[PDB]
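Chains as they are written, first to last, in my numbering: chain A, 3 to 348; chain B, 260 to 457.
We put the beta carbon where it would ideally sit given N, CA and C, even for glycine.
For reference, the structure is listed below as structure tokens.
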Amino acid sequence: XXXXXXXXXXXXXXXXXXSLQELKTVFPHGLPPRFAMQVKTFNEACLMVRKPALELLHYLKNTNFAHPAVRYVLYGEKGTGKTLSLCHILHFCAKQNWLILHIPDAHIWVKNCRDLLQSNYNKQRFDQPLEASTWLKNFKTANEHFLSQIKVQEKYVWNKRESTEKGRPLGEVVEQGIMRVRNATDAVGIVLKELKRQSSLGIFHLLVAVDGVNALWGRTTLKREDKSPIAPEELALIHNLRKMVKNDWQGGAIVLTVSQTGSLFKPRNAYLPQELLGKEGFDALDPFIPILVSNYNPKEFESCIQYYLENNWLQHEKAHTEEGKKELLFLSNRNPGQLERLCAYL
Amino acid sequence: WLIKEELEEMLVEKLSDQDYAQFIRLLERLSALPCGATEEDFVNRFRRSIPXXXXXXXXXXXXXXXXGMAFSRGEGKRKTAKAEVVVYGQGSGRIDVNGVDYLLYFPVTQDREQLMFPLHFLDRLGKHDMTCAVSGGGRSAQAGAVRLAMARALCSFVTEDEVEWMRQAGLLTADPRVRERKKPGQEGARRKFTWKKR
Ligand SMILES: Nc1nc2c(ncn2[C@@H]2O[C@H](COP(=O)(O)OP(=O)(O)O)[C@@H](O)[C@H]2O)c(=O)[nH]1
Ligand SMILES: [Mg+2]
Ligand SMILES: [Mg+2]
């Protein structure tokens, strides 16, 4: 299927490609691991375009940066393809030369943190250096041009012996937060608040993409040495990140996603926004655009099969028949994540 | 021919196997020649007749009043698990289980394969639309019950010939296999406490 760049309407269910340098540039952060497999396997980065992706992109074409920050939501069944329908957006508006703030899984913040550091600067907030540092190290390669341009107007204190005073390029702040890892989180929050402050200017076009928003108000796994569980409130990273969904600001766009897979305490089958977010989440999330994500339709499906045949990735003999199509259709219920797996061993 | 017990009843006489055998042997000699009228009557005395019946019983279809459409409702039962499956003759391929989709209700691939069996057999895979209610037991048991119920509800919409195929595929026959009760003084109904020679 034929393509050039992300935005075309009639190209629904066609194959968009990107380069490897385009890939290291646009997704320094994680790309969905199954798809990183796809890419490292086929040497080619390839994708198809879906009706919700089209819809979302056309909403992003009509955007007014004078208007307050607009929230979007991608919801759907497990492995229904909602995290990649985030990346479509990502490289589109990154090729439009915007600020791309991408957190691939919020859940990695709320769960499995080796080192919980206590910081009372923020009045009982905990910082997670491991995550902060990784996130910053990707964000560096994310947007390079914009990092030297931004001039932060603030005074900031890292240490008694260390400080940075206003008139500094932002990239400086970032890489100085990476070098000294213990305070990396503080620098993350700082980068964040000043990002939102500078978004008032026409220099910042901000796309804030947080996948697994449910993590923000959800119940947390991490614990104090008293065995007492800690709120999502108590996390420096999260407390600061909620501030970035708040719709208080201009020039930005926030695309969001509600996961099942990475979540905590939620049942396996709940793909509906109000469940995953809960009361606090939904309420604190304000009017948003609830974009449903669903299974491949027949056309997208025979398209996916077309594509897999094209790469000779189906190595089974009888895979070429209409028989093979009917089998894979019925076993997958033509679900993107399911078909991915049915082909992997086929 | 009569059993030994039936000749014993006919003559009001205890018999021996050898004797019975001798006689029946003689009746074969009789049948071996040209058969007269009274000859045939004579051997008819010692004749009996037996029934044999094999067909999978075919339910006439049922046309629903609401859409004016025909459906067939099957019931499978396997191993603590019963399932009921209503199959609609004009489908989108939709298959619903207990009010949720079949992919979600059988995350185990194996199960979905079991489900696929009858439909892939009869090449009807997209053609039919099924509603399903299943209860009892664990997942494989359930998927198998649905297999039986479905393959039963699929013989209204199939040809009279494909039926004998589904029999020889073993789709419509229940699974007699079930758990065997532990026995007291043993372990696992078969497994025994370790036996000691000394
Ligand atoms: N061809 C194609 N594949 C996709 C697309 N979106 C997702 N996939 C694949 O389908 C799988 C499921 O997508 P994902 O967003 O991770 O589902 P999630 O687990 O519900 O978030 C991924 O491994 C992708 O490789 C798409 O737009 N086109
Ligand atoms: Mg996901
Ligand atoms: Mg045992």
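- Each of B/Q427, B/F330, B/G447, B/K442 was checked against the Cα of B/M409, and the nearest Cα belongs to B/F330.
- Not one heavy atom of ligand 2 is found less than 7 Å from the C-beta of A/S296.
- Every alpha helix (DSSP H) of 4 residues or more that sits fully in the stretch 363-434 of chain B is shown, in chain order, as 368-381, 398-412, 419-428.
- Here the distance from the Cβ of A/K328 to the nearest heavy atom of ligand 2 is not below 7 Å.
- In chain order, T368, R371, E372, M375 make up the part of chain B whose C-beta sits under 8 Å from the C-beta of A/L333.
- In this structure, the straight-line span from the alpha carbon of A/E302 to that of A/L33 is close to 22 Å.
- At a cut-off of 7 Å, the beta-carbon of B/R306 does not count as near ligand 3: no heavy atom of the ligand is closer than that.
- Judged by DSSP in its simplified three-state form, A/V190 adopts helix.
- Proximity of the beta carbon of A/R36 to ligand 1 is indicated: a heavy atom of the ligand is located closer than 7 Å.
- Under the DSSP assignment, A/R36 falls in the alpha helix (DSSP H) whose first and last residues are 35-44.
- By the rule that beta-carbons nearer than 8 Å mark a contact, B/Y347 does not touch chain A.
- In this structure, A/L278 places its C-beta atom within 8 Å of the C-beta atom of A/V260.
- In the three-state reduction of the DSSP assignment, A/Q23 falls in the helix class, which pools H, G and I.
- Going by C-alpha positions, A/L203 is about 13 Å away from A/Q155.
- Looking from the CA of A/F94, the closest CA among A/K63, A/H322, A/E79, A/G78 belongs to A/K63.
- C-alpha of A/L331 to C-alpha of B/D355: approximately 16 Å in a straight line.
- Counting the other Cβ atoms within 10 Å of the Cβ of A/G169 gives fewer than 16, which makes it exposed.
- Considering only beta carbons, the part of the stretch 303-330 of chain A lying closer than 9 Å to chain B consists of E325, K328, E329, in chain order.
- In this structure, the alpha-carbon of A/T187 lies about 58 Å from that of B/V345.
- Around A/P131, the same chain offers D117, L119, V183, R184, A186, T187 as residues with beta carbons nearer than 7 Å, after the five sequence neighbours per side are excluded.
- For A/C306, the shortest C-beta to heavy atom distance toward ligand 1 is below 7 Å.
- As DSSP reads the structure, B/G333 sits in a beta bridge with B/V344.
- Relative to the Cα of A/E79, the nearest Cα in the group A/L149, A/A272, A/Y158 belongs to A/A272.
- Setting aside the 5 residues that flank it on each side, B/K442 is surrounded in the same chain by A448, each with a C-beta closer than 8 Å to its C-beta; the list follows chain order.
- Look at B/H379: its C-beta is under 8 Å from a C-beta on chain A.
- DSSP lists A/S121 as the beta-bridge partner residues of A/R127.
- With a beta-carbon spacing of about 5 Å, A/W100 and A/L209 fall inside the 8 Å limit used to define contacts.
- Scanning chain A for C-beta atoms nearer than 7 Å to the C-beta of B/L384 yields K328, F332, reported in chain order.
- By DSSP's assignment, A/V51 forms no beta bridge with any residue.
- For B/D360, at least one C-beta of chain A is nearer than 8 Å to its own C-beta.
- At a cut-off of 8 Å between beta carbons, B/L413 makes no contact with chain A.
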